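Raw data07.cif, mmCIF, N, CA and C atoms:
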```cif
data_upload
loop_
_atom_site.group_PDB
_atom_site.id
_atom_site.type_symbol
_atom_site.label_atom_id
_atom_site.label_comp_id
_atom_site.auth_asym_id
_atom_site.auth_seq_id
_atom_site.Cartn_x
_atom_site.Cartn_y
_atom_site.Cartn_z
ATOM 1 N N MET A 1 44.497 11.587 -91.707
ATOM 2 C CA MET A 1 43.491 10.699 -91.078
ATOM 3 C C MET A 1 44.105 9.918 -89.926
ATOM 4 N N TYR A 2 43.638 10.226 -88.716
ATOM 5 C CA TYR A 2 44.016 9.512 -87.497
ATOM 6 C C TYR A 2 45.469 9.776 -87.098
ATOM 7 N N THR A 3 45.773 9.528 -85.831
ATOM 8 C CA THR A 3 47.114 9.722 -85.306
ATOM 9 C C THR A 3 47.509 8.555 -84.406
ATOM 10 N N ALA A 4 48.812 8.325 -84.269
ATOM 11 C CA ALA A 4 49.317 7.336 -83.321
ATOM 12 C C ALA A 4 48.970 7.761 -81.896
ATOM 13 N N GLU A 5 48.824 9.069 -81.721
ATOM 14 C CA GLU A 5 48.414 9.659 -80.458
ATOM 15 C C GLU A 5 47.023 9.165 -80.059
ATOM 16 N N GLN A 6 46.116 9.155 -81.026
ATOM 17 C CA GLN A 6 44.763 8.660 -80.812
ATOM 18 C C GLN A 6 44.782 7.158 -80.517
ATOM 19 N N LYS A 7 45.669 6.437 -81.199
ATOM 20 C CA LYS A 7 45.818 4.996 -80.990
ATOM 21 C C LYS A 7 46.205 4.682 -79.545
ATOM 22 N N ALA A 8 46.994 5.566 -78.946
ATOM 23 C CA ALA A 8 47.427 5.400 -77.564
ATOM 24 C C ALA A 8 46.237 5.448 -76.606
ATOM 25 N N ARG A 9 45.266 6.303 -76.916
ATOM 26 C CA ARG A 9 44.062 6.424 -76.097
ATOM 27 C C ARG A 9 43.281 5.113 -76.116
ATOM 28 N N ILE A 10 43.276 4.457 -77.274
ATOM 29 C CA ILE A 10 42.611 3.166 -77.430
ATOM 30 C C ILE A 10 43.289 2.114 -76.563
ATOM 31 N N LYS A 11 44.618 2.118 -76.601
ATOM 32 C CA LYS A 11 45.428 1.157 -75.861
ATOM 33 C C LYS A 11 45.093 1.179 -74.368
ATOM 34 N N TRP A 12 44.890 2.370 -73.822
ATOM 35 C CA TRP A 12 44.539 2.510 -72.411
ATOM 36 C C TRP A 12 43.101 2.067 -72.133
ATOM 37 N N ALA A 13 42.232 2.228 -73.121
ATOM 38 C CA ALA A 13 40.800 2.015 -72.927
ATOM 39 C C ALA A 13 40.393 0.544 -73.052
ATOM 40 N N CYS A 14 41.055 -0.195 -73.937
ATOM 41 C CA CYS A 14 40.703 -1.595 -74.180
ATOM 42 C C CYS A 14 40.994 -2.460 -72.953
ATOM 43 N N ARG A 15 41.919 -1.995 -72.124
ATOM 44 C CA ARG A 15 42.326 -2.712 -70.924
ATOM 45 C C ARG A 15 41.192 -2.786 -69.897
ATOM 46 N N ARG A 16 40.415 -3.855 -69.962
ATOM 47 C CA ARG A 16 39.392 -4.119 -68.956
ATOM 48 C C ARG A 16 39.868 -5.215 -68.008
ATOM 49 N N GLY A 17 38.990 -5.645 -67.107
ATOM 50 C CA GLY A 17 39.330 -6.707 -66.177
ATOM 51 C C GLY A 17 39.205 -8.080 -66.807
ATOM 52 N N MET A 18 38.722 -8.114 -68.039
ATOM 53 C CA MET A 18 38.618 -9.356 -68.785
ATOM 54 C C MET A 18 39.470 -9.273 -70.047
ATOM 55 N N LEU A 19 40.249 -10.316 -70.285
ATOM 56 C CA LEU A 19 41.223 -10.335 -71.366
ATOM 57 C C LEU A 19 40.554 -10.498 -72.724
ATOM 58 N N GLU A 20 39.369 -11.091 -72.723
ATOM 59 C CA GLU A 20 38.641 -11.380 -73.955
ATOM 60 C C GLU A 20 38.424 -10.125 -74.791
ATOM 61 N N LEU A 21 38.082 -9.024 -74.139
ATOM 62 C CA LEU A 21 37.836 -7.775 -74.846
ATOM 63 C C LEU A 21 39.146 -7.158 -75.326
ATOM 64 N N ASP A 22 40.132 -7.118 -74.444
ATOM 65 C CA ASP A 22 41.422 -6.505 -74.752
ATOM 66 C C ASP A 22 42.109 -7.224 -75.912
ATOM 67 N N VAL A 23 42.002 -8.549 -75.932
ATOM 68 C CA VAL A 23 42.685 -9.353 -76.938
ATOM 69 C C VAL A 23 42.004 -9.249 -78.310
ATOM 70 N N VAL A 24 40.738 -8.838 -78.340
ATOM 71 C CA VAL A 24 40.028 -8.702 -79.610
ATOM 72 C C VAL A 24 40.001 -7.243 -80.055
ATOM 73 N N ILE A 25 40.773 -6.408 -79.374
ATOM 74 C CA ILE A 25 40.884 -5.009 -79.753
ATOM 75 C C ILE A 25 42.329 -4.645 -80.084
ATOM 76 N N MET A 26 43.254 -5.015 -79.197
ATOM 77 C CA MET A 26 44.656 -4.613 -79.326
ATOM 78 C C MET A 26 45.250 -4.966 -80.701
ATOM 79 N N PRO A 27 45.210 -6.249 -81.133
ATOM 80 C CA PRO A 27 45.750 -6.642 -82.432
ATOM 81 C C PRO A 27 44.714 -6.557 -83.548
ATOM 82 N N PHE A 28 43.445 -6.584 -83.170
ATOM 83 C CA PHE A 28 42.366 -6.533 -84.142
ATOM 84 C C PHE A 28 42.290 -5.158 -84.791
ATOM 85 N N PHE A 29 42.544 -4.115 -84.006
ATOM 86 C CA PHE A 29 42.548 -2.753 -84.528
ATOM 87 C C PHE A 29 43.566 -2.612 -85.651
ATOM 88 N N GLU A 30 44.678 -3.327 -85.524
ATOM 89 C CA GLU A 30 45.742 -3.301 -86.524
ATOM 90 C C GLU A 30 45.202 -3.714 -87.884
ATOM 91 N N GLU A 31 44.315 -4.691 -87.861
ATOM 92 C CA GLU A 31 43.684 -5.194 -89.079
ATOM 93 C C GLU A 31 42.463 -4.357 -89.467
ATOM 94 N N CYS A 32 41.602 -4.103 -88.492
ATOM 95 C CA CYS A 32 40.308 -3.481 -88.737
ATOM 96 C C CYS A 32 40.447 -2.003 -89.093
ATOM 97 N N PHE A 33 41.557 -1.390 -88.696
ATOM 98 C CA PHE A 33 41.828 0.015 -89.008
ATOM 99 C C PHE A 33 41.742 0.268 -90.514
ATOM 100 N N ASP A 34 42.173 -0.716 -91.290
ATOM 101 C CA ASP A 34 42.122 -0.637 -92.747
ATOM 102 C C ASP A 34 40.675 -0.583 -93.243
ATOM 103 N N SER A 35 39.771 -1.164 -92.465
ATOM 104 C CA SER A 35 38.367 -1.259 -92.844
ATOM 105 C C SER A 35 37.527 -0.213 -92.103
ATOM 106 N N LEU A 36 38.146 0.514 -91.185
ATOM 107 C CA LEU A 36 37.430 1.505 -90.393
ATOM 108 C C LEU A 36 37.711 2.918 -90.878
ATOM 109 N N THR A 37 36.650 3.655 -91.153
ATOM 110 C CA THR A 37 36.761 5.053 -91.527
ATOM 111 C C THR A 37 36.705 5.937 -90.284
ATOM 112 N N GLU A 38 37.100 7.195 -90.429
ATOM 113 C CA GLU A 38 37.152 8.130 -89.305
ATOM 114 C C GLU A 38 35.791 8.243 -88.622
ATOM 115 N N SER A 39 34.737 8.325 -89.425
ATOM 116 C CA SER A 39 33.375 8.416 -88.910
ATOM 117 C C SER A 39 33.045 7.220 -88.008
ATOM 118 N N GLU A 40 33.463 6.027 -88.427
ATOM 119 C CA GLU A 40 33.266 4.819 -87.631
ATOM 120 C C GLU A 40 34.174 4.850 -86.409
ATOM 121 N N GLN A 41 35.398 5.304 -86.635
ATOM 122 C CA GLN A 41 36.416 5.357 -85.602
ATOM 123 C C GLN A 41 36.047 6.337 -84.491
ATOM 124 N N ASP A 42 35.400 7.440 -84.850
ATOM 125 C CA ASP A 42 34.979 8.439 -83.866
ATOM 126 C C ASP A 42 34.011 7.840 -82.861
ATOM 127 N N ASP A 43 33.033 7.115 -83.373
ATOM 128 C CA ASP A 43 32.013 6.503 -82.532
ATOM 129 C C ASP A 43 32.628 5.376 -81.712
ATOM 130 N N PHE A 44 33.628 4.721 -82.297
ATOM 131 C CA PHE A 44 34.372 3.664 -81.621
ATOM 132 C C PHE A 44 35.176 4.232 -80.451
ATOM 133 N N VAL A 45 35.921 5.303 -80.710
ATOM 134 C CA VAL A 45 36.730 5.941 -79.676
ATOM 135 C C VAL A 45 35.842 6.543 -78.588
ATOM 136 N N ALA A 46 34.699 7.084 -78.995
ATOM 137 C CA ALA A 46 33.727 7.633 -78.054
ATOM 138 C C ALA A 46 33.262 6.567 -77.068
ATOM 139 N N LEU A 47 33.083 5.354 -77.573
ATOM 140 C CA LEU A 47 32.662 4.227 -76.753
ATOM 141 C C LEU A 47 33.741 3.826 -75.749
ATOM 142 N N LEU A 48 34.990 3.885 -76.191
ATOM 143 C CA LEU A 48 36.116 3.321 -75.446
ATOM 144 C C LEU A 48 36.300 3.951 -74.064
ATOM 145 N N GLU A 49 35.802 5.165 -73.881
ATOM 146 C CA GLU A 49 35.930 5.842 -72.596
ATOM 147 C C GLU A 49 34.995 5.226 -71.556
ATOM 148 N N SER A 50 34.044 4.437 -72.025
ATOM 149 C CA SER A 50 33.130 3.728 -71.150
ATOM 150 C C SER A 50 33.329 2.225 -71.318
ATOM 151 N N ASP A 51 32.346 1.442 -70.907
ATOM 152 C CA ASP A 51 32.382 0.011 -71.127
ATOM 153 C C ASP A 51 31.357 -0.378 -72.183
ATOM 154 N N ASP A 52 31.321 -1.654 -72.526
ATOM 155 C CA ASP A 52 30.413 -2.154 -73.555
ATOM 156 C C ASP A 52 29.515 -3.270 -73.020
ATOM 157 N N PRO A 53 28.642 -2.971 -72.036
ATOM 158 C CA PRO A 53 27.768 -3.983 -71.427
ATOM 159 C C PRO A 53 26.792 -4.589 -72.435
ATOM 160 N N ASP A 54 26.054 -3.729 -73.128
ATOM 161 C CA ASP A 54 25.075 -4.188 -74.111
ATOM 162 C C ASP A 54 25.784 -4.794 -75.313
ATOM 163 N N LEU A 55 26.938 -4.232 -75.634
ATOM 164 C CA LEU A 55 27.727 -4.672 -76.776
ATOM 165 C C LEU A 55 28.352 -6.040 -76.520
ATOM 166 N N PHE A 56 28.794 -6.258 -75.289
ATOM 167 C CA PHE A 56 29.299 -7.557 -74.866
ATOM 168 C C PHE A 56 28.230 -8.625 -75.079
ATOM 169 N N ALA A 57 26.985 -8.243 -74.836
ATOM 170 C CA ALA A 57 25.858 -9.140 -75.023
ATOM 171 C C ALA A 57 25.619 -9.430 -76.505
ATOM 172 N N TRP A 58 26.015 -8.508 -77.383
ATOM 173 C CA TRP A 58 25.939 -8.757 -78.824
ATOM 174 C C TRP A 58 26.920 -9.851 -79.221
ATOM 175 N N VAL A 59 28.070 -9.861 -78.560
ATOM 176 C CA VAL A 59 29.084 -10.882 -78.797
ATOM 177 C C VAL A 59 28.581 -12.251 -78.337
ATOM 178 N N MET A 60 27.747 -12.243 -77.304
ATOM 179 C CA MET A 60 27.175 -13.477 -76.768
ATOM 180 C C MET A 60 25.867 -13.825 -77.477
ATOM 181 N N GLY A 61 25.353 -12.882 -78.257
ATOM 182 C CA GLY A 61 24.139 -13.118 -79.018
ATOM 183 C C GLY A 61 22.882 -12.926 -78.191
ATOM 184 N N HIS A 62 22.826 -11.834 -77.440
ATOM 185 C CA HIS A 62 21.669 -11.536 -76.603
ATOM 186 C C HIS A 62 21.751 -10.102 -76.082
ATOM 187 N N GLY A 63 22.035 -9.158 -76.971
ATOM 188 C CA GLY A 63 22.219 -7.783 -76.547
ATOM 189 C C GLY A 63 21.251 -6.818 -77.195
ATOM 190 N N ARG A 64 21.381 -5.543 -76.847
ATOM 191 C CA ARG A 64 20.544 -4.498 -77.420
ATOM 192 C C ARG A 64 21.365 -3.242 -77.696
ATOM 193 N N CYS A 65 21.365 -2.809 -78.945
ATOM 194 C CA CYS A 65 22.089 -1.611 -79.340
ATOM 195 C C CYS A 65 21.277 -0.866 -80.383
ATOM 196 N N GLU A 66 20.721 0.261 -79.984
ATOM 197 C CA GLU A 66 19.814 1.004 -80.841
ATOM 198 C C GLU A 66 20.565 1.837 -81.869
ATOM 199 N N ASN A 67 21.729 2.341 -81.494
ATOM 200 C CA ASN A 67 22.535 3.115 -82.415
ATOM 201 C C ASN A 67 23.416 2.177 -83.220
ATOM 202 N N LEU A 68 22.945 1.845 -84.415
ATOM 203 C CA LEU A 68 23.610 0.858 -85.255
ATOM 204 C C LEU A 68 24.964 1.344 -85.747
ATOM 205 N N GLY A 69 25.274 2.598 -85.474
ATOM 206 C CA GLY A 69 26.614 3.096 -85.710
ATOM 207 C C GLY A 69 27.632 2.343 -84.874
ATOM 208 N N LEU A 70 27.273 2.080 -83.621
ATOM 209 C CA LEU A 70 28.098 1.264 -82.741
ATOM 210 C C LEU A 70 28.049 -0.196 -83.168
ATOM 211 N N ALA A 71 26.836 -0.695 -83.382
ATOM 212 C CA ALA A 71 26.631 -2.091 -83.758
ATOM 213 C C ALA A 71 27.323 -2.423 -85.082
ATOM 214 N N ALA A 72 27.485 -1.414 -85.936
ATOM 215 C CA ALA A 72 28.134 -1.590 -87.232
ATOM 216 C C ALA A 72 29.554 -2.103 -87.068
ATOM 217 N N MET A 73 30.331 -1.443 -86.217
ATOM 218 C CA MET A 73 31.717 -1.837 -86.028
ATOM 219 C C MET A 73 31.794 -3.147 -85.253
ATOM 220 N N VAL A 74 30.803 -3.393 -84.395
ATOM 221 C CA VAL A 74 30.715 -4.655 -83.666
ATOM 222 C C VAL A 74 30.511 -5.807 -84.643
ATOM 223 N N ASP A 75 29.594 -5.605 -85.587
ATOM 224 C CA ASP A 75 29.312 -6.588 -86.637
ATOM 225 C C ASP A 75 30.580 -6.909 -87.423
ATOM 226 N N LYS A 76 31.354 -5.871 -87.715
ATOM 227 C CA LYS A 76 32.608 -6.015 -88.442
ATOM 228 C C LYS A 76 33.627 -6.804 -87.614
ATOM 229 N N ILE A 77 33.584 -6.631 -86.297
ATOM 230 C CA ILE A 77 34.423 -7.413 -85.393
ATOM 231 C C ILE A 77 33.968 -8.872 -85.374
ATOM 232 N N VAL A 78 32.660 -9.070 -85.217
ATOM 233 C CA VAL A 78 32.079 -10.410 -85.126
ATOM 234 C C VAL A 78 32.382 -11.236 -86.373
ATOM 235 N N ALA A 79 32.330 -10.597 -87.537
ATOM 236 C CA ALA A 79 32.607 -11.277 -88.800
ATOM 237 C C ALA A 79 33.991 -11.925 -88.791
ATOM 238 N N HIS A 80 34.958 -11.237 -88.195
ATOM 239 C CA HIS A 80 36.318 -11.757 -88.086
ATOM 240 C C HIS A 80 36.380 -12.890 -87.058
ATOM 241 N N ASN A 81 35.594 -12.765 -85.997
ATOM 242 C CA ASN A 81 35.542 -13.779 -84.938
ATOM 243 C C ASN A 81 34.897 -15.069 -85.441
ATOM 244 N N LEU A 82 33.905 -14.931 -86.308
ATOM 245 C CA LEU A 82 33.172 -16.067 -86.839
ATOM 246 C C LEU A 82 34.090 -17.097 -87.496
ATOM 247 N N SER A 83 35.170 -16.636 -88.117
ATOM 248 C CA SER A 83 36.089 -17.545 -88.786
ATOM 249 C C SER A 83 36.921 -18.317 -87.768
ATOM 250 N N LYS A 84 37.194 -17.695 -86.631
ATOM 251 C CA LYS A 84 37.853 -18.358 -85.539
ATOM 252 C C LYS A 84 36.953 -19.456 -84.984
ATOM 253 N N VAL A 85 35.672 -19.131 -84.853
ATOM 254 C CA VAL A 85 34.694 -20.057 -84.292
ATOM 255 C C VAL A 85 34.505 -21.268 -85.202
ATOM 256 N N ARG A 86 34.419 -21.017 -86.500
ATOM 257 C CA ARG A 86 34.222 -22.088 -87.470
ATOM 258 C C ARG A 86 35.493 -22.914 -87.645
ATOM 259 N N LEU A 87 36.630 -22.297 -87.356
ATOM 260 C CA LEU A 87 37.923 -22.955 -87.504
ATOM 261 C C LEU A 87 38.173 -23.926 -86.348
ATOM 262 N N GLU A 88 38.506 -23.388 -85.179
ATOM 263 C CA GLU A 88 38.835 -24.222 -84.026
ATOM 264 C C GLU A 88 37.947 -23.892 -82.834
ATOM 265 N N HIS A 89 36.818 -23.241 -83.112
ATOM 266 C CA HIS A 89 35.851 -22.844 -82.083
ATOM 267 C C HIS A 89 36.419 -21.719 -81.221
ATOM 268 N N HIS A 90 35.836 -21.517 -80.048
ATOM 269 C CA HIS A 90 36.241 -20.425 -79.169
ATOM 270 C C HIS A 90 36.158 -20.866 -77.712
ATOM 271 N N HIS A 91 36.726 -20.075 -76.812
ATOM 272 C CA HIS A 91 36.625 -20.358 -75.387
ATOM 273 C C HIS A 91 36.129 -19.142 -74.622
ATOM 274 N N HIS A 92 34.991 -19.329 -73.970
ATOM 275 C CA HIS A 92 34.319 -18.296 -73.193
ATOM 276 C C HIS A 92 33.039 -18.914 -72.653
ATOM 277 N N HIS A 93 32.154 -19.245 -73.582
ATOM 278 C CA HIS A 93 31.015 -20.118 -73.343
ATOM 279 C C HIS A 93 30.808 -20.926 -74.612
ATOM 280 N N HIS A 94 30.807 -22.250 -74.481
ATOM 281 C CA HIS A 94 30.842 -23.161 -75.628
ATOM 282 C C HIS A 94 32.193 -23.072 -76.321
#
```
Using C-alpha cells, write down the structure from this file.
Amino acid sequence: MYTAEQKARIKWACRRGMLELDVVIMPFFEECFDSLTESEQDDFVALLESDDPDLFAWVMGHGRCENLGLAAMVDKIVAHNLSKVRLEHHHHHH
C-alpha cells in the first residue's frame, strides 16, 4: 500500500504560491496517512495535479464540492484544524 515515490509527487504538488495550503499538507500527510486509505488517497493525489479553488472555499466555509469523495478528506483535514482554532485560533481571516 502506497510508495515513498508517490509521496514525492505530493511534495511537488502541495507547493502553491500560498504557504497556508503547503503547511497543512506537508506535515499533515504524515499524520493523516494513518487515517487515509488508498481509495481516499487516489482521489487526493488526483486532485493534487490541479488546484483546490472550491476546496479552499470549504476551508473558509463558503465552498461547493459535489463529489464528497474529495470533501471527505477535506472534512478530515478540517477536523484537525478545528482543534488549532479552538486552542489558539488561526491566522488567515479572523
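Between residue A:58 and the candidates A:36, A:19, A:91, A:78, the tightest atom-to-atom separation, counting all atoms listed in the file, involves A:78.
The two atoms in question, atom CA of residue A:71 and atom CA of residue A:93, are spaced 21.3 Å apart.
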request  = To verify the selection step, state as a VMD selection string which residues the PyMOL selection byres (((chain A and resi 46-53 and name CA) around 12) and name CA) yields on this input.
outcome  = chain A and resid 6 to 18 21 to 22 25 38 to 45 54 to 60 62 to 65 67 69 to 71 73 to 74
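Coordinates place atom CA of residue A:34 at a distance of 25.3 Å from atom N of residue A:61.
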Secondary structure check, alpha helix (DSSP H) residues of stretch 2-74 of chain A, as a VMD selection string:
chain A and resid 4 to 14 19 to 23 28 to 32 38 to 48 53 to 60 68 to 74
If you keep N, CA and C atoms, can you produce a file of those selected residues as a tab-separated table (two decimals), in the frame of the given file?
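Result saved to out.tsv:
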```tsv
chain	number	residue	atom	x	y	z
A	4	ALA	N	48.81	8.32	-84.27
A	4	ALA	CA	49.32	7.34	-83.32
A	4	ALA	C	48.97	7.76	-81.90
A	5	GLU	N	48.82	9.07	-81.72
A	5	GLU	CA	48.41	9.66	-80.46
A	5	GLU	C	47.02	9.16	-80.06
A	6	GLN	N	46.12	9.15	-81.03
A	6	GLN	CA	44.76	8.66	-80.81
A	6	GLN	C	44.78	7.16	-80.52
A	7	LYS	N	45.67	6.44	-81.20
A	7	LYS	CA	45.82	5.00	-80.99
A	7	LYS	C	46.20	4.68	-79.54
A	8	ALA	N	46.99	5.57	-78.95
A	8	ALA	CA	47.43	5.40	-77.56
A	8	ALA	C	46.24	5.45	-76.61
A	9	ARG	N	45.27	6.30	-76.92
A	9	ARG	CA	44.06	6.42	-76.10
A	9	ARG	C	43.28	5.11	-76.12
A	10	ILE	N	43.28	4.46	-77.27
A	10	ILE	CA	42.61	3.17	-77.43
A	10	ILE	C	43.29	2.11	-76.56
A	11	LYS	N	44.62	2.12	-76.60
A	11	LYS	CA	45.43	1.16	-75.86
A	11	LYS	C	45.09	1.18	-74.37
A	12	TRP	N	44.89	2.37	-73.82
A	12	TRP	CA	44.54	2.51	-72.41
A	12	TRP	C	43.10	2.07	-72.13
A	13	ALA	N	42.23	2.23	-73.12
A	13	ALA	CA	40.80	2.02	-72.93
A	13	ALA	C	40.39	0.54	-73.05
A	14	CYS	N	41.06	-0.20	-73.94
A	14	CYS	CA	40.70	-1.60	-74.18
A	14	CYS	C	40.99	-2.46	-72.95
A	19	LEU	N	40.25	-10.32	-70.28
A	19	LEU	CA	41.22	-10.34	-71.37
A	19	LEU	C	40.55	-10.50	-72.72
A	20	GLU	N	39.37	-11.09	-72.72
A	20	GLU	CA	38.64	-11.38	-73.96
A	20	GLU	C	38.42	-10.12	-74.79
A	21	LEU	N	38.08	-9.02	-74.14
A	21	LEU	CA	37.84	-7.78	-74.85
A	21	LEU	C	39.15	-7.16	-75.33
A	22	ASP	N	40.13	-7.12	-74.44
A	22	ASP	CA	41.42	-6.50	-74.75
A	22	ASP	C	42.11	-7.22	-75.91
A	23	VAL	N	42.00	-8.55	-75.93
A	23	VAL	CA	42.68	-9.35	-76.94
A	23	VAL	C	42.00	-9.25	-78.31
A	28	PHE	N	43.44	-6.58	-83.17
A	28	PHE	CA	42.37	-6.53	-84.14
A	28	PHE	C	42.29	-5.16	-84.79
A	29	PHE	N	42.54	-4.12	-84.01
A	29	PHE	CA	42.55	-2.75	-84.53
A	29	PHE	C	43.57	-2.61	-85.65
A	30	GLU	N	44.68	-3.33	-85.52
A	30	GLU	CA	45.74	-3.30	-86.52
A	30	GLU	C	45.20	-3.71	-87.88
A	31	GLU	N	44.32	-4.69	-87.86
A	31	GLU	CA	43.68	-5.19	-89.08
A	31	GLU	C	42.46	-4.36	-89.47
A	32	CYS	N	41.60	-4.10	-88.49
A	32	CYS	CA	40.31	-3.48	-88.74
A	32	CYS	C	40.45	-2.00	-89.09
A	38	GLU	N	37.10	7.20	-90.43
A	38	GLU	CA	37.15	8.13	-89.30
A	38	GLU	C	35.79	8.24	-88.62
A	39	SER	N	34.74	8.32	-89.42
A	39	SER	CA	33.38	8.42	-88.91
A	39	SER	C	33.04	7.22	-88.01
A	40	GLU	N	33.46	6.03	-88.43
A	40	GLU	CA	33.27	4.82	-87.63
A	40	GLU	C	34.17	4.85	-86.41
A	41	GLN	N	35.40	5.30	-86.64
A	41	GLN	CA	36.42	5.36	-85.60
A	41	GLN	C	36.05	6.34	-84.49
A	42	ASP	N	35.40	7.44	-84.85
A	42	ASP	CA	34.98	8.44	-83.87
A	42	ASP	C	34.01	7.84	-82.86
A	43	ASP	N	33.03	7.12	-83.37
A	43	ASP	CA	32.01	6.50	-82.53
A	43	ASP	C	32.63	5.38	-81.71
A	44	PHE	N	33.63	4.72	-82.30
A	44	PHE	CA	34.37	3.66	-81.62
A	44	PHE	C	35.18	4.23	-80.45
A	45	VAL	N	35.92	5.30	-80.71
A	45	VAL	CA	36.73	5.94	-79.68
A	45	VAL	C	35.84	6.54	-78.59
A	46	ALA	N	34.70	7.08	-79.00
A	46	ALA	CA	33.73	7.63	-78.05
A	46	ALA	C	33.26	6.57	-77.07
A	47	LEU	N	33.08	5.35	-77.57
A	47	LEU	CA	32.66	4.23	-76.75
A	47	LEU	C	33.74	3.83	-75.75
A	48	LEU	N	34.99	3.88	-76.19
A	48	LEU	CA	36.12	3.32	-75.45
A	48	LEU	C	36.30	3.95	-74.06
A	53	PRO	N	28.64	-2.97	-72.04
A	53	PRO	CA	27.77	-3.98	-71.43
A	53	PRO	C	26.79	-4.59	-72.44
A	54	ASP	N	26.05	-3.73	-73.13
A	54	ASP	CA	25.08	-4.19	-74.11
A	54	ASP	C	25.78	-4.79	-75.31
A	55	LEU	N	26.94	-4.23	-75.63
A	55	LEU	CA	27.73	-4.67	-76.78
A	55	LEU	C	28.35	-6.04	-76.52
A	56	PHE	N	28.79	-6.26	-75.29
A	56	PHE	CA	29.30	-7.56	-74.87
A	56	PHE	C	28.23	-8.62	-75.08
A	57	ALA	N	26.98	-8.24	-74.84
A	57	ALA	CA	25.86	-9.14	-75.02
A	57	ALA	C	25.62	-9.43	-76.50
A	58	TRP	N	26.02	-8.51	-77.38
A	58	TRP	CA	25.94	-8.76	-78.82
A	58	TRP	C	26.92	-9.85	-79.22
A	59	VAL	N	28.07	-9.86	-78.56
A	59	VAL	CA	29.08	-10.88	-78.80
A	59	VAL	C	28.58	-12.25	-78.34
A	60	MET	N	27.75	-12.24	-77.30
A	60	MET	CA	27.18	-13.48	-76.77
A	60	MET	C	25.87	-13.82	-77.48
A	68	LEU	N	22.94	1.84	-84.42
A	68	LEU	CA	23.61	0.86	-85.26
A	68	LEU	C	24.96	1.34	-85.75
A	69	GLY	N	25.27	2.60	-85.47
A	69	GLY	CA	26.61	3.10	-85.71
A	69	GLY	C	27.63	2.34	-84.87
A	70	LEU	N	27.27	2.08	-83.62
A	70	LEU	CA	28.10	1.26	-82.74
A	70	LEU	C	28.05	-0.20	-83.17
A	71	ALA	N	26.84	-0.70	-83.38
A	71	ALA	CA	26.63	-2.09	-83.76
A	71	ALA	C	27.32	-2.42	-85.08
A	72	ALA	N	27.48	-1.41	-85.94
A	72	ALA	CA	28.13	-1.59	-87.23
A	72	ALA	C	29.55	-2.10	-87.07
A	73	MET	N	30.33	-1.44	-86.22
A	73	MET	CA	31.72	-1.84	-86.03
A	73	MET	C	31.79	-3.15	-85.25
A	74	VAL	N	30.80	-3.39	-84.40
A	74	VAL	CA	30.72	-4.66	-83.67
A	74	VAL	C	30.51	-5.81	-84.64
```
